[PDB]
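Take a look at the structure set out below.
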Number of protein chains: 2
Amino acid sequence: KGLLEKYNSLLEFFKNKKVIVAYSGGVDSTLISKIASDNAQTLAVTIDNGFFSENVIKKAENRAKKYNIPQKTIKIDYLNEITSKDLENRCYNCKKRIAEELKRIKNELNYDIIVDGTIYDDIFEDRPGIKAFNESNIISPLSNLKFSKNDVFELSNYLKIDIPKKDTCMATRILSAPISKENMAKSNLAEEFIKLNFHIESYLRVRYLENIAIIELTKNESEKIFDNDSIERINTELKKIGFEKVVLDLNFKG
Amino acid sequence: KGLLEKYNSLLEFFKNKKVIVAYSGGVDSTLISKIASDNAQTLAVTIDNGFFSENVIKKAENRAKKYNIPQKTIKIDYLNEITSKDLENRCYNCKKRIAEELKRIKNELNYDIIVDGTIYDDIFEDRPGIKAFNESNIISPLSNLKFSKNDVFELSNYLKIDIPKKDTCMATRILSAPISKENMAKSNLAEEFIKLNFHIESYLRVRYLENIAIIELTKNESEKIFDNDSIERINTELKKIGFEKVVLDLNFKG
Ligand code: SF4
Ligand code: SF4
Ligand SMILES: [Cl-]
Ligand SMILES: [Cl-]
């Protein structure tokens, strides 16, 4: 209870430690990395699973390079054959392979600890990504110091850290096994097309379900795609990408 | 070439024969039955597979009773366990079981032939329903006499036969095995709800795909369901019926 008390609790923890930070680019994973660079010999490690586009990785690298946070990105052949046909435990298996790599880096570098940007608010949601993680003894310092979503934003503003657009995992679009590089690309192009041609600035999802495109969208964005000329253009272009059927989820986001 | 030449060709064929007609209620299957009643000892047989609602069977019975066509309806336990998990050859298996029954009735009644309302235009479309049928030696007299769609309508008007609404098979809505009585009911209620509350008079389909409702509709009917209040009401009521997800096929009918 008190941001300076948390800010100074955090600095005391980082003092004289060799810290490897699970750096992704996101507000939370960025803030933990910046504070660590200023107070400890710190390396921001980004594991490229094949779930985030080149642009998202470039953005993460360009943020660390901008805020003088030492960062190394590791491309991994994670999408294999056993790993590709997972679907239900993939958020655990993906985060288990990441933790496996960070643990290797720490041991090769003879570093002391591995930290992640898990905030306090993140513990009140079903997150199998931090189930697999906290199995491998990864310390979540923000959660331990009760950092809320607005605490992370406020401290970020003070530390001159820009708030980036929320680039989310693209394996989430895959609703039917397997999670293929092409299956994700099909969703990515469909999203990019609808967002650019029809200007869906807010929430947009093109889910893959056995080659069926399920379009999810916000309530106030709805009007932008209701003319039959837009519906025909979307149905036509999405089938050209590779889809069998183009459907729209009538459950619009609140 | 010439309707009276076809009308009189047909009467010559029916003379002195005991005819069992595959009667369904539809314009084509009705016209063949009426002409047969007037010129031969004829029985219009309707096989209730469990694919057409009580109302559709009642309509078929009330048409035959109105046009003094002798008709007997046979309820069959067709939806079983081996027959229920078919999907791709179900239009062949359904029409194979029907032909199996009509052949039994003909042999028990010691009747001469079995005819069906397959018109000439019906031979230029992939119909596995008349593949299974013409295997069991069922004569399609309308097709043999080159009767087109408009020839059937014109002769029907002359014979004072009313043209009914096109009640279609409800196993067609089932896109994922098995074709269950409940699975079809889920589609039927969804169609009845949208057609009554939102007035979709023309083409409307609520397909079942592993508990996912796929709404198919006409191009000019589209406008009737574009307000977010209608979309919310449809998504809500359809999930109450039993669906997991309510989606709309963006391929509107021409
Ligand atoms: S959300 Fe995506 S990146 Fe995160 S654990 Fe799940 S699969 Fe991996
Ligand atoms: S359309 Fe329906 S009633 Fe006709 S053969 Fe196919 S399953 Fe049977
Ligand atoms: Cl994530
Ligand atoms: Cl049929």
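Simple scheme: letters A, B, ... for chains in structure tokens order, numbers from 1 for residues in each chain, numbers from 1 for ligands in the order shown.
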| task | Show which residues sit within 6 Å of region 208-223 of chain A, as a PyMOL selection string. Count only C-alpha atoms, and ignore same-chain residues fewer than 4 positions away. | result | chain A and resi 173-176+203-204+243-249+252-253
Next, write the just-selected residues to a file, as a PDB file, in the first residue's frame, keeping N, CA and C atoms as the atom set.
ATOM      1  N   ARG A 173      -5.868 -17.567 -31.982  1.00  0.00           N
ATOM      2  CA  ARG A 173      -6.792 -17.627 -33.104  1.00  0.00           C
ATOM      3  C   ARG A 173      -7.076 -19.075 -33.511  1.00  0.00           C
ATOM      4  N   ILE A 174      -6.110 -19.979 -33.325  1.00  0.00           N
ATOM      5  CA  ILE A 174      -6.248 -21.386 -33.682  1.00  0.00           C
ATOM      6  C   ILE A 174      -7.134 -22.133 -32.696  1.00  0.00           C
ATOM      7  N   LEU A 175      -8.347 -22.485 -33.137  1.00  0.00           N
ATOM      8  CA  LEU A 175      -9.325 -23.229 -32.336  1.00  0.00           C
ATOM      9  C   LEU A 175      -9.380 -24.730 -32.675  1.00  0.00           C
ATOM     10  N   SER A 176      -8.668 -25.167 -33.715  1.00  0.00           N
ATOM     11  CA  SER A 176      -8.650 -26.565 -34.112  1.00  0.00           C
ATOM     12  C   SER A 176      -7.213 -26.999 -34.356  1.00  0.00           C
ATOM     13  N   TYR A 203     -10.875  -4.143 -30.941  1.00  0.00           N
ATOM     14  CA  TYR A 203     -10.963  -5.608 -30.915  1.00  0.00           C
ATOM     15  C   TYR A 203     -11.446  -6.272 -32.209  1.00  0.00           C
ATOM     16  N   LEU A 204     -10.596  -7.115 -32.791  1.00  0.00           N
ATOM     17  CA  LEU A 204     -10.930  -7.850 -33.999  1.00  0.00           C
ATOM     18  C   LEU A 204     -10.224  -9.183 -33.953  1.00  0.00           C
ATOM     19  N   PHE A 243      -9.703 -19.876 -46.512  1.00  0.00           N
ATOM     20  CA  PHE A 243     -10.845 -20.379 -45.757  1.00  0.00           C
ATOM     21  C   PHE A 243     -11.919 -21.057 -46.606  1.00  0.00           C
ATOM     22  N   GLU A 244     -12.585 -22.052 -46.008  1.00  0.00           N
ATOM     23  CA  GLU A 244     -13.688 -22.817 -46.584  1.00  0.00           C
ATOM     24  C   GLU A 244     -14.975 -22.021 -46.424  1.00  0.00           C
ATOM     25  N   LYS A 245     -15.182 -21.411 -45.253  1.00  0.00           N
ATOM     26  CA  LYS A 245     -16.404 -20.696 -44.921  1.00  0.00           C
ATOM     27  C   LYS A 245     -16.057 -19.470 -44.098  1.00  0.00           C
ATOM     28  N   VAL A 246     -16.735 -18.360 -44.369  1.00  0.00           N
ATOM     29  CA  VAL A 246     -16.500 -17.137 -43.619  1.00  0.00           C
ATOM     30  C   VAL A 246     -17.737 -16.837 -42.802  1.00  0.00           C
ATOM     31  N   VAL A 247     -17.637 -16.950 -41.478  1.00  0.00           N
ATOM     32  CA  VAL A 247     -18.758 -16.724 -40.569  1.00  0.00           C
ATOM     33  C   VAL A 247     -18.482 -15.606 -39.556  1.00  0.00           C
ATOM     34  N   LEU A 248     -19.538 -15.023 -38.986  1.00  0.00           N
ATOM     35  CA  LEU A 248     -19.385 -13.938 -38.025  1.00  0.00           C
ATOM     36  C   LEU A 248     -20.003 -14.289 -36.676  1.00  0.00           C
ATOM     37  N   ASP A 249     -19.189 -14.323 -35.600  1.00  0.00           N
ATOM     38  CA  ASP A 249     -19.701 -14.619 -34.264  1.00  0.00           C
ATOM     39  C   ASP A 249     -20.629 -13.500 -33.821  1.00  0.00           C
ATOM     40  N   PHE A 252     -21.005 -10.153 -29.836  1.00  0.00           N
ATOM     41  CA  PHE A 252     -20.139  -8.982 -29.932  1.00  0.00           C
ATOM     42  C   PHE A 252     -19.654  -8.600 -28.536  1.00  0.00           C
ATOM     43  N   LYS A 253     -18.422  -8.107 -28.449  1.00  0.00           N
ATOM     44  CA  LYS A 253     -17.819  -7.784 -27.162  1.00  0.00           C
ATOM     45  C   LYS A 253     -18.387  -6.490 -26.534  1.00  0.00           C
TER      46      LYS A 253
END
| task | Using DSSP on the backbone coordinates, identify all residues within region 102-176 of chain B classified as strand (DSSP E); present the result as JSON, numbers by chain. | result | {"B": [113, 114, 115, 116]}
Contacts of residue 242 (chain B) within 10 Å, only C-alpha atoms, excl. fewer than 4 positions in-chain, as a short mmCIF file (atom, residue, chain, number, x, y, z; two decimals) with N, CA and C atoms, in the first residue's frame:
data_model
loop_
_atom_site.label_atom_id
_atom_site.label_comp_id
_atom_site.auth_asym_id
_atom_site.auth_seq_id
_atom_site.Cartn_x
_atom_site.Cartn_y
_atom_site.Cartn_z
N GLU B 182 -32.81 -34.52 -31.69
CA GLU B 182 -32.60 -33.31 -30.90
C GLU B 182 -31.80 -32.29 -31.70
N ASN B 183 -30.78 -32.75 -32.44
CA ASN B 183 -29.92 -31.91 -33.27
C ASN B 183 -30.73 -31.21 -34.34
N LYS B 186 -33.05 -28.57 -32.64
CA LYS B 186 -32.29 -27.37 -32.31
C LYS B 186 -32.29 -26.41 -33.50
N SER B 187 -32.09 -26.93 -34.71
CA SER B 187 -32.10 -26.13 -35.93
C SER B 187 -33.50 -25.62 -36.23
N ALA B 190 -34.54 -22.77 -33.96
CA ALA B 190 -33.77 -21.59 -34.30
C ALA B 190 -34.31 -20.93 -35.56
N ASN B 211 -22.62 -28.40 -32.43
CA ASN B 211 -23.33 -27.46 -31.57
C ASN B 211 -23.06 -26.01 -31.91
N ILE B 212 -22.75 -25.71 -33.17
CA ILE B 212 -22.53 -24.33 -33.61
C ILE B 212 -23.60 -24.00 -34.61
N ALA B 213 -24.30 -22.89 -34.38
CA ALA B 213 -25.39 -22.50 -35.25
C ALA B 213 -24.86 -21.62 -36.37
N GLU B 237 -31.10 -16.19 -27.56
CA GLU B 237 -32.13 -17.22 -27.68
C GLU B 237 -31.61 -18.52 -28.28
N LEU B 238 -30.68 -18.43 -29.24
CA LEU B 238 -30.12 -19.62 -29.87
C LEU B 238 -29.24 -20.40 -28.91
#
| request: Show me which residues sit within 10 Å of ligand 1 when counting only C-alpha atoms and all ligand atoms, and put them as an MDAnalysis selection string. | output: chainID A and resid 24 47:52 87:98 127:133 168:174 179
If you keep C-alpha atoms, can you produce a file of those selected residues as a PDB file, in the first residue's frame?
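Written out: part_8.pdb:
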ATOM      1  CA  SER A  24       8.169  -9.659 -24.134  1.00  0.00           C
ATOM      2  CA  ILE A  47      11.969 -16.205 -26.605  1.00  0.00           C
ATOM      3  CA  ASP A  48      10.646 -16.198 -30.187  1.00  0.00           C
ATOM      4  CA  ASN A  49       8.256 -19.195 -30.178  1.00  0.00           C
ATOM      5  CA  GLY A  50       6.784 -18.541 -33.598  1.00  0.00           C
ATOM      6  CA  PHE A  51       3.558 -17.206 -32.020  1.00  0.00           C
ATOM      7  CA  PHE A  52       4.378 -13.511 -32.468  1.00  0.00           C
ATOM      8  CA  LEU A  87      -4.543 -27.193 -28.493  1.00  0.00           C
ATOM      9  CA  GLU A  88      -5.777 -27.425 -24.834  1.00  0.00           C
ATOM     10  CA  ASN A  89      -2.477 -27.410 -22.881  1.00  0.00           C
ATOM     11  CA  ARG A  90      -0.603 -25.244 -25.462  1.00  0.00           C
ATOM     12  CA  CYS A  91      -0.510 -22.149 -23.212  1.00  0.00           C
ATOM     13  CA  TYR A  92       1.187 -24.370 -20.568  1.00  0.00           C
ATOM     14  CA  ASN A  93       3.514 -26.129 -23.071  1.00  0.00           C
ATOM     15  CA  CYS A  94       4.538 -22.862 -24.688  1.00  0.00           C
ATOM     16  CA  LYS A  95       5.280 -21.229 -21.339  1.00  0.00           C
ATOM     17  CA  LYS A  96       6.989 -24.465 -20.102  1.00  0.00           C
ATOM     18  CA  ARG A  97       9.413 -24.420 -23.108  1.00  0.00           C
ATOM     19  CA  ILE A  98      10.104 -20.715 -22.504  1.00  0.00           C
ATOM     20  CA  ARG A 127      -3.480 -18.318 -16.332  1.00  0.00           C
ATOM     21  CA  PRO A 128      -1.814 -21.659 -17.235  1.00  0.00           C
ATOM     22  CA  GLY A 129       1.068 -19.584 -18.626  1.00  0.00           C
ATOM     23  CA  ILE A 130       2.088 -18.665 -14.999  1.00  0.00           C
ATOM     24  CA  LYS A 131       1.228 -22.282 -13.780  1.00  0.00           C
ATOM     25  CA  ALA A 132       4.063 -23.754 -15.938  1.00  0.00           C
ATOM     26  CA  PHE A 133       6.257 -20.712 -15.080  1.00  0.00           C
ATOM     27  CA  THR A 168      -1.451 -10.567 -28.427  1.00  0.00           C
ATOM     28  CA  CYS A 169      -0.387 -14.216 -29.060  1.00  0.00           C
ATOM     29  CA  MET A 170      -1.520 -15.488 -32.457  1.00  0.00           C
ATOM     30  CA  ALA A 171      -1.861 -19.160 -31.488  1.00  0.00           C
ATOM     31  CA  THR A 172      -5.086 -17.922 -29.681  1.00  0.00           C
ATOM     32  CA  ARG A 173      -6.792 -17.627 -33.104  1.00  0.00           C
ATOM     33  CA  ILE A 174      -6.248 -21.386 -33.682  1.00  0.00           C
ATOM     34  CA  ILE A 179      -1.338 -24.796 -34.582  1.00  0.00           C
TER      35      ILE A 179
END
| said: So that I can check the surroundings of residue 21 (chain A), please list as a list in words every protein, DNA and RNA residue that reaches within 9 Å of it, counting only C-alpha atoms and ignoring chain neighbours fewer than 6 positions away. | reply: residues 29, 32, 33, 36, 42, 43, 44, 45, 46, 102, 113, 114, 115, 116 and 117 of chain A
Could you please take those selected residues and save N, CA, C and O atoms as a compact mmCIF listing (two decimals), in the first residue's frame?
# COMPACT_ATOMS: atom_id res chain seq x y z
N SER A 29 6.05 -6.45 -18.70
CA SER A 29 7.35 -7.10 -18.92
C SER A 29 8.47 -6.13 -19.27
O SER A 29 9.63 -6.49 -19.18
N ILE A 32 9.40 -4.01 -15.61
CA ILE A 32 10.26 -4.82 -14.75
C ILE A 32 11.69 -4.85 -15.29
O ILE A 32 12.64 -4.79 -14.52
N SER A 33 11.85 -4.87 -16.62
CA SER A 33 13.16 -4.90 -17.26
C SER A 33 13.92 -3.60 -17.07
O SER A 33 15.11 -3.65 -16.78
N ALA A 36 15.15 -3.12 -13.49
CA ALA A 36 16.24 -4.05 -13.28
C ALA A 36 17.57 -3.58 -13.92
O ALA A 36 18.61 -3.72 -13.28
N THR A 42 21.53 -6.84 -15.60
CA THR A 42 20.32 -7.47 -16.10
C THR A 42 20.27 -7.75 -17.61
O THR A 42 20.66 -6.91 -18.41
N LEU A 43 19.73 -8.92 -17.99
CA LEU A 43 19.54 -9.28 -19.39
C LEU A 43 18.07 -9.58 -19.65
O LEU A 43 17.49 -10.45 -19.01
N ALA A 44 17.46 -8.84 -20.57
CA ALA A 44 16.08 -9.03 -20.97
C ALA A 44 16.05 -10.09 -22.06
O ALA A 44 16.54 -9.84 -23.15
N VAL A 45 15.54 -11.28 -21.77
CA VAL A 45 15.51 -12.37 -22.74
C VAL A 45 14.15 -12.51 -23.40
O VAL A 45 13.14 -12.61 -22.71
N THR A 46 14.11 -12.53 -24.73
CA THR A 46 12.86 -12.69 -25.46
C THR A 46 12.90 -13.99 -26.22
O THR A 46 13.75 -14.14 -27.09
N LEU A 102 14.92 -20.07 -20.42
CA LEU A 102 15.40 -19.05 -19.50
C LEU A 102 16.24 -19.67 -18.39
O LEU A 102 17.26 -19.09 -18.02
N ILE A 113 18.88 -15.01 -10.41
CA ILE A 113 17.43 -15.24 -10.50
C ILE A 113 16.83 -14.96 -11.89
O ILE A 113 17.47 -14.34 -12.74
N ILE A 114 15.57 -15.39 -12.10
CA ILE A 114 14.79 -15.14 -13.30
C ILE A 114 13.46 -14.53 -12.88
O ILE A 114 12.75 -15.12 -12.07
N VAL A 115 13.15 -13.33 -13.38
CA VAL A 115 11.90 -12.66 -13.02
C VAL A 115 10.98 -12.45 -14.20
O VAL A 115 11.44 -12.39 -15.34
N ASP A 116 9.67 -12.35 -13.94
CA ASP A 116 8.68 -12.10 -14.98
C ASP A 116 7.72 -10.97 -14.60
O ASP A 116 7.53 -10.67 -13.42
N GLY A 117 7.14 -10.34 -15.60
CA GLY A 117 6.23 -9.22 -15.39
C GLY A 117 4.82 -9.59 -14.98
O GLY A 117 3.87 -8.97 -15.45
| DSSP on the backbone: what in region 44-219 of chain B comes out alpha helix (DSSP H), as a PyMOL selection string? | chain B and resi 54-66+90-109+129-135+141-144+149-158+181-197
| query | Just how far from CA of residue 56 (chain A) is CA of residue 194 (chain A), in Å to one decimal? | reply | 19.3 Å
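You will find CA of residue 125 (chain B) at 21.8 Å from CA of residue 86 (chain B).
You can rank B:40, B:241, B:234, B:189 by their closest distance to chain A using only C-alpha atoms, and at the top of that list sits B:234.
Remark: for ligand 2, the closest of the candidate residues B:99, B:150, B:105, B:20 is B:99 (distances computed over only C-alpha atoms and all ligand atoms).
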| field | Pick from B:235, B:134, B:39, B:118 nearest to ligand 4, counting only C-alpha atoms and all ligand atoms | value | B:118
